[PDB]
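> quick one: experimental structure and sequence below.
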Amino acid sequence: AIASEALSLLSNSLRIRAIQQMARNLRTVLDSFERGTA
Amino acid sequence: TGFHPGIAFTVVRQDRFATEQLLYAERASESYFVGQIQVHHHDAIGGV
Amino acid sequence: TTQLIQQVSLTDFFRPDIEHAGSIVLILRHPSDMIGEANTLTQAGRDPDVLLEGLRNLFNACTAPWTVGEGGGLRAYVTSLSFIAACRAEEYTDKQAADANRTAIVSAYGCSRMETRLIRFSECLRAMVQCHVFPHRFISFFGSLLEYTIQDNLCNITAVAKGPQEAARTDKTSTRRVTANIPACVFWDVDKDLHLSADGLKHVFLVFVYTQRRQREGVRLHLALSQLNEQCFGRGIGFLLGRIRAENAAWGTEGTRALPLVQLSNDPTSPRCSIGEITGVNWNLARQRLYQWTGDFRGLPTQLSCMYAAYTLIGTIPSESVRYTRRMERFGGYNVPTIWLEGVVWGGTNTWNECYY
Amino acid sequence: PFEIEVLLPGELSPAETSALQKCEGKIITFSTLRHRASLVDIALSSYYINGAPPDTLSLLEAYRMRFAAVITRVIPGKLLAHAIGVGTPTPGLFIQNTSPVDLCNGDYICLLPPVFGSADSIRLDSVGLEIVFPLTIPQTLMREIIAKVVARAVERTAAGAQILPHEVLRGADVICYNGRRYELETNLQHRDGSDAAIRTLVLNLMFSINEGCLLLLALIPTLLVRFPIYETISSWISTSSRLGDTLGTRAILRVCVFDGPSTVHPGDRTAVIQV
Amino acid sequence: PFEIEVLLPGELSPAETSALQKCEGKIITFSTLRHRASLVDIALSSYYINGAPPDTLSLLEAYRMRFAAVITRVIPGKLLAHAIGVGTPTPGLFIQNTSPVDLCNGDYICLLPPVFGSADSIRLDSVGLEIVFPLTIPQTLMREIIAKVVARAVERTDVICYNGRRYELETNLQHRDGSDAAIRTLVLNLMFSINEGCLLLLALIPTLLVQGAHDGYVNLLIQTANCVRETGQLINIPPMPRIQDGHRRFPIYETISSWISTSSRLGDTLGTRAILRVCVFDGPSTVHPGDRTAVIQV
């Protein structure tokens, strides 16, 4: 879940750190599946 | 009956009136910062 | 987002042709259950078959009278709210609005075998509340009418079940949206009697006021719209109906020494009856007197003979500061005052709360 | 949408796995909710308490604390279900009638343990367990059912307790719905469930009512023209509240029929909407 | 999904803002439901009945009259909250355990004022108000507590064991305009539970205690009750009358049927009704005080 008054930043330096948050959260949710495999 | 007993009273009353005021302000009095806007969808009475 | 319900039925109590789109429609249980419940719940002394007399004449003045008993699925299932409003129009407080709706429903319908039908239904309800067979368990609720198709004396109608009112598409009218319409006789908001602010969310209820006397009984039908809580509505209604409550408590049933248990248990030296004789060998000389009390209570007001109302939640209105509009428009060939409710979400299970106090 | 899978067992005999397919629109009940589960939770073995088989009180109580789910389809080696719990938008939900009384449109669905006759259910002797399905009837009939079966049981004790029976009566108790008389319990003999499951039921119900309209007669002696006196009040209130909470009425589903037959007979399936 | 917004007053201290942020899954109440609201209704001052802080029994009635809501994530400026009473779809709802008692799966939640030690609550000196959060216990705890406070009430005009632990209740009963109302609604239910049928059940007491012996179930039931176990050996109970219309009527039906509606109504009118059901997914079986559980709208 994302976008609690935060979708206004992605749908449009804060943008840079917002995509930083996006990357840092996706890199974790992706390896969550690798952990679920084991 | 109208017989005045040995006691006196003082009364108090409060009223209010609408008035017209006058404002004066200096040149550099306040600093103002404006932000951005956010949209919220929601089920309205008939629509959104 | 919304769901629909279809059902075919006879058109002797409901006419989807004249009834406006968005009016309330109710259904009825099988009449054969009324007698099976009456002959077992009728108060002692009263005649239990007066309801049968009042019921047989109803179908005797109705088409296809030889189709009662089997319940094959072709009976008068549904009915309209205005129908009951006109049947009991002589009891509502708004004299002119009541009688206007009555003549309107008489003229717009067949107008030949309609007046007789109405009086049969009237004493039918009167005999219904004569043996404690109260007509709040036999009248269910359907949503507002949405679509209908009829060929002759038999109609297939579909109505909303629960959800937003203007989320459907009637798709044959001018617009594709409808709003709730009610006769001005049944509408009765209680907050403007109770003198509280009318802001925010408000619930909708249906009430069934009962009057129980000798050969004089009455039953109205009110659609209350109040902001009061789910259960607090019961305490609120009693304050306005305090008269009928007390009338019923005295005219509901028309068909002995105390005992000082705590006194003689607080003091000793009273005749004791230890378990040794209740073991069951000679349990008559052990209990010869032990007390007398000469006690019996047969005729007393039950909680069922003093009931005067029964309500049920139907729907809410989330939009604060509702703006219901009342106006007069043509209904067939006559004008009647109708109240228009907008944005009302249906829902809630059909559970009846009885106000017996 | 949330769905539960009930893992079918291996080495199932053909007559057993076949009869499982016959019950497709039947509702089951899950202690805890999970995507994967065994069979013991569905069987009666997980249902009994204190070792002994459950009674109606334990049946009624567990129906509240335990969650419900409905079977949808059967696979020769797989069995799934759908839940009636949190928010699951189950599409095309249909259920089968397990009660002798017909249902109609706009009727609400509530649950009961089988009281009228013997509970018909599947029995797996190969594995050693059996699966009992709860009975479903409309709401407007439930309160009358419970009141009659307890009244039938207390009148039996009265005839047995009294030295002389007060037999003179009206005939036989008959419940009616949609113009159909059910006529339960013809004979006096064959005490199948007279005191078998409703034994403790009539006990708690008769004592609270006894304590009920006695406490009033023993507090104000003006109604008819050493001692705690408060602990009895707190005990009666606690009991009457708990007993009323158990014998509750809560609708679980609503029969919403579209382009179908209104009335359904016992054995027919019909589409229902989540209340 | 219907959510209500709670306006936070400005100039708030950071210490108070931090303390307010800790209240994440607690229950609040509203007098009138609306999207935009202030903080004066959440304050205890809005509970005032005549001119003073309310009583317990008064709070019992304020909980029924007022709407309920649950707090969700708080931002530095606003306090979002969702409603539970009215029918609305709400996914992923978690509440914070406030009672000293533990909860487990499949437990109904009720609502009652704090009857234990002084309730913890956020204090706002700059704003000048103090908000108090209601306490949530299971249903069985609710019925046992309610029965004891009314027993103490009629006494004026308390230990409780659970899971092998005893608790003491401090009942605040300084007011009087609410204590008499509880007595009125109590006797009103006792009076309507009396029909022509009691005499039958009242005539079974002799055989009852015989079944109490040599059977082994009715013993403690006779022990926990007092009126029946004292009447059984002190009154004669004249034998029997007849029925007016006994050829087609069943008189012990109404007394066993009418009583059902009273008992179901008694547990609600005396206190609060069930509001929620706790059912956690991928979670522990038992929750300890202070933790959060995912619950279902009743």
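Good, I have the coordinates. Numbering: from 1, shown residues only, chains lettered A, B, ... in the order given.

> residues contacting the residue nearest the centre of chain C?
Nearest to the mean C-alpha position of chain C, counting by CA atoms, centre = their mean, stands residue C:136 at 3.5 Å. Applying CB atoms under 8 Å, 6 or more residues apart in numbering or on different chains to residue C:136 gives the contacts C:208, C:310, C:312, C:352, C:354. To be clear about C-beta, it is placed using only N, CA and C from the backbone, and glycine gets the same treatment.

> which members of the residues you listed are positioned in strands?
Using DSSP state E, the subset of those located in strands is C:310, C:354.

> which stretches of the stretch 101-250 of chain C form helices?
Assigned by DSSP state H, counting those that start in this stretch, the stretch 101-250 of chain C shows helices spanning C:115-128, C:191-194, C:232-240, C:242-251.

> revised request: answer the last question for chain B.
Using DSSP state H, no helices are found in chain B.

> residue of it nearest chain C, please.
Nearest residue of chain B to chain C (CB to the nearest CB) works out as residue B:45 at 3.7 Å.

> adding mean neighbour count and distance to chain A, write the helices of the stretch 101-250 of chain C out as TSV.
Formatted as TSV, these follow (neighbours: other CB atoms under 10 Å in any protein chain shown; distance: least, CB to the nearest CB, whole Å):
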stretch	mean neighbour count	distance to chain A
helix C:115-128	18	55
helix C:191-194	14	37
helix C:232-240	17	36
helix C:242-251	15	52
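
> with distance to chain B as added columns, please give these in a markdown table.
Converted to a markdown table, the helices of the stretch 101-250 of chain C look like this (distance: least, CB to the nearest CB, whole Å):
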| stretch | distance to chain B |
| --- | --- |
| helix C:115-128 | 36 |
| helix C:191-194 | 20 |
| helix C:232-240 | 24 |
| helix C:242-251 | 36 |
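
> now the ones you listed as CSV including distance to residue C:57?
Shown next, in CSV, are those (distance: least, CB to CB, whole Å):
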stretch, distance to residue C:57
helix C:115-128, 5
helix C:191-194, 38
helix C:232-240, 34
helix C:242-251, 27
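
> which of these sits closest to residue E:176?
The closest approach between residue E:176 and any of those, judged by CB to CB, belongs to helix C:232-240 at 19.8 Å.

> so residue 20: helix, strand or coil?
Picked chain A for this. helix (DSSP: H, G, I helix; E, B strand; the rest coil).

> relative to residue E:73, how far out is it?
Distance from residue A:20 to residue E:73, counting by CB to CB, to the nearest Å: 22 Å.

> only whichever of the contacts of residue C:136 are buried, select them in PyMOL.
To isolate the buried members of the contacts of residue C:136 in PyMOL, using 16 or more other CB atoms under 10 Å in any protein chain shown:
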select buried, chain C and resi 208+310+312+352+354
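
> give me the subset of the contacts of residue C:136 touching chain B.
Among those, not one lies near chain B by CB under 8 Å from any CB of the partner chain.

> let's check: the centremost residue of chain A is which one?
Centre-most residue of chain A, counting by CA atoms, centre = their mean: residue A:22, 2.5 Å.

> and it, what does it touch?
Taking CB under 8 Å, 6+ apart, we find residue A:22 in contact with A:2, A:10.

> now the residue located most distally from the centre of chain C: how far from residue E:227?
In chain C, counting by CA atoms, centre = their mean, residue C:269 sits farthest out from the average C-alpha position, at 56.9 Å. To residue E:227, residue C:269 is 21 Å away according to CB to CB.

> how about residue B:9?
Between residue B:9 and residue E:227 the distance, using CB to CB, works out to 63 Å.

> who has more neighbours out of the two?
residue E:227 (21 against 4; other CB atoms under 10 Å in any protein chain shown).

> the more buried one contacts residue D:218, doesn't it?
Yes: using CB atoms under 8 Å, residue E:227 makes contact with residue D:218 at a distance of 5.9 Å.

> overlap of the contact sets of these two?
The contact sets of residue E:227 and residue D:218 overlap at residue C:261 (CB under 8 Å, 6+ apart).

> which residues of the stretch 151-275 of chain D lie near chain A?
Within the stretch 151-275 of chain D, no position is near chain A by CB under 8 Å from any CB.

> the helices in the stretch 151-275 of chain D, which residues?
Under DSSP H, counting those that start in this stretch, the stretch 151-275 of chain D gives helices at D:199-215, D:231-246.

> before I go, just wanted to say thanks for your time.
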